[PDB]
Amino acid sequence: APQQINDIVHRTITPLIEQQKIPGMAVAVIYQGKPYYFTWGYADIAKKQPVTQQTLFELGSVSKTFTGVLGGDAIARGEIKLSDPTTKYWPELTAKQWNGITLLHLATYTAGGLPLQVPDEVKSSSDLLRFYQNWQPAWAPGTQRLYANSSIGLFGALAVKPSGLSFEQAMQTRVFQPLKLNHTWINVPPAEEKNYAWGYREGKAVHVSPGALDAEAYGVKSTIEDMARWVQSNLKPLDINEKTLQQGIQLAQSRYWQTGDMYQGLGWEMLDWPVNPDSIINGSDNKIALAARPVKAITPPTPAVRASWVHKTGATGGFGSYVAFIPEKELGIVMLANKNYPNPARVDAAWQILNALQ
Ligand SMILES: *C(=O)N1C[C@H](NOS(=O)(=O)O)CC[C@H]1C(N)=O
Ligand SMILES: [Cl-]
Ligand SMILES: [Zn+2]
Ligand SMILES: [Zn+2]
């Protein structure tokens, strides 16, 4: 890697690891469109297995970027429209509060206060129907953004229904395979478990537990190499030869809602570049990111703006991830760690690196 990249990565990430007690970390810096990889520490502390470029990390809510793009691909196939009512795809959702709630609202957390999590008691399809049937919105649809796995999770599950495929099969064949993300998994196969890092929470080794709509909202695992390729794909959608996937990537970076200086895409979130670093750093704190905030609709949605900071945070019990990229500059970063450490520290480090290389 260029000396400037090696230097800023050492000076930024090694102290981050020191400050946050991260056991293992992988970083990809995409500079002039090319990834440069960095690893530290251990995927499995007790076995002393190092992090490598083949180590699988839990992406947590970064998974939503895949869901958003798969939904975009379905839009480009004509299979769904974001204006479609939820009930078009789930007619058994008969309760009246669902009148007026569209796929757009589900995808962008604006349905009116769907909760952050699907309750852990939801174990069956009938449990899931009961949950959504009995949910009472706090707000009218399209007025407040409240980040919610139960919102985009349902979007993902319904967006694939016209295809006749399961969510996992649709994702495999429509996103992972065309992009040659061959070490990216919703369910890690047995032959790949040797690569699956342990997450660490209070010193204990942990993996994310199964939950309703987990694949859609927080359940993807991937390597630093595949995540760099995902960033490249989102930086350069015209290099994707499958037209519906090219367009799906572009649609996931359209701007559907604005609140403050932030814009909601499908999975991805965006700000105009150059960005105020304190905005993205402070806005990543859970106390803000997960708070209800009024939104202004953008109609029509702004087509993907190249001069944007595009990004997504994610966490599981034992992992912390961050992705950010700037299409205009063909610059990006992926940060995968097997400890969940505070978002603002991740975003700060990412902006120190990309700011240095712009
Ligand atoms: C995604 O990682 N999840 C949903 C929500 N995301 O907010 S974050 O991206 O700013 O970390 C909270 C964390 C996590 C979860 N526990 O479901
Ligand atoms: Cl130093
Ligand atoms: Zn040093
Ligand atoms: Zn392999």
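For ligands, and for the atoms within them, numbers begin at 1 and follow the listed sequence. Note that the numbering runs from 1 along the sequence shown for the chain. Side chains included, hydrogens not; waters and symmetry mates left out as well; all remaining heavy atoms used.
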For this session: Take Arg145 and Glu269 through the salt bridge (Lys or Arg N to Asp or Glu O under 4.0 Å) test and state the conclusion after the steps.
Result: CA-CA 12 Å; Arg145 177 187 181 277; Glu269 296 160 23; 3.1 Å; yes
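- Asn149 and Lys64 are linked by a side-chain donor-acceptor pair at a separation below 3.5 angstrom, with hydrogens and angles left out of the test.
- Between the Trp135 side chain and the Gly113 main chain, a donor and an acceptor come within less than 3.5 Å of each other.
- Close approach of ligand 1 to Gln117 is summarised as follows: ligand atoms under 4.0 Å from at least one heavy atom of the residue are 15 (C), 16 (N), 17 (O).
- A cation-pi arrangement is found for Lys34 relative to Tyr36, the charged atom lying closer than 6.0 Å to the ring centre and inside a 45° cone about the ring normal.
- With hydrogens and angles left out, the side-chain atoms of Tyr322 and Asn343 include no donor and acceptor closer than 3.5 Å.
- Considering backbone and side-chain N/O of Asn343, one or more are found under 3.5 Å from N/O of ligand 1.
- Under a 4.0 Å N-O distance rule, the pair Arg174/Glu79 qualifies as a salt bridge.
- In the vicinity of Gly314, heavy-atom distances shorter than 4.0 Å reach the ligand 1 atoms 2 (O), 9 (O).
- Remark: ligand 1 atoms within the under-4.0 Å shell around heavy atoms of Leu290 are 7 (O).
- The closest protein non-hydrogen atom to atom 5 (C) of ligand 1 is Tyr147 CE2, 3.4 Å.
- Heavy-atom separations between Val62 and ligand 1 are all 4.0 Å or longer.
- Ion pairing of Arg77 with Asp73 is present here, as a side-chain N (NZ or NE/NH1/NH2) and a carboxylate O approach within less than 4.0 Å.
- Of the polar atoms of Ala315, at least one N or O is found under 3.5 Å from an N or O of ligand 1, judged by distance alone.
- The side chain of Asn149, and not its backbone, has at least one atom closer than 4.0 Å to an atom of ligand 1 (non-hydrogen atoms only; side chain from C-beta on).
- Close approach of ligand 1 to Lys312 (heavy-atom distance below 4.0 Å) involves ligand atoms 9 (O).
- Less than 4.0 angstrom separates some heavy atom of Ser61 from each of these atoms of ligand 1: 1 (C), 2 (O), 3 (N), 4 (C), 5 (C), 6 (N), 9 (O), 14 (C).
- A salt bridge links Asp272 and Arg255; the closest N-O separation between the charged side-chain nitrogens and carboxylate oxygens is under 4.0 Å.
- Looking at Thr313 next to ligand 1, an N or O pair under 3.5 Å apart turns up.
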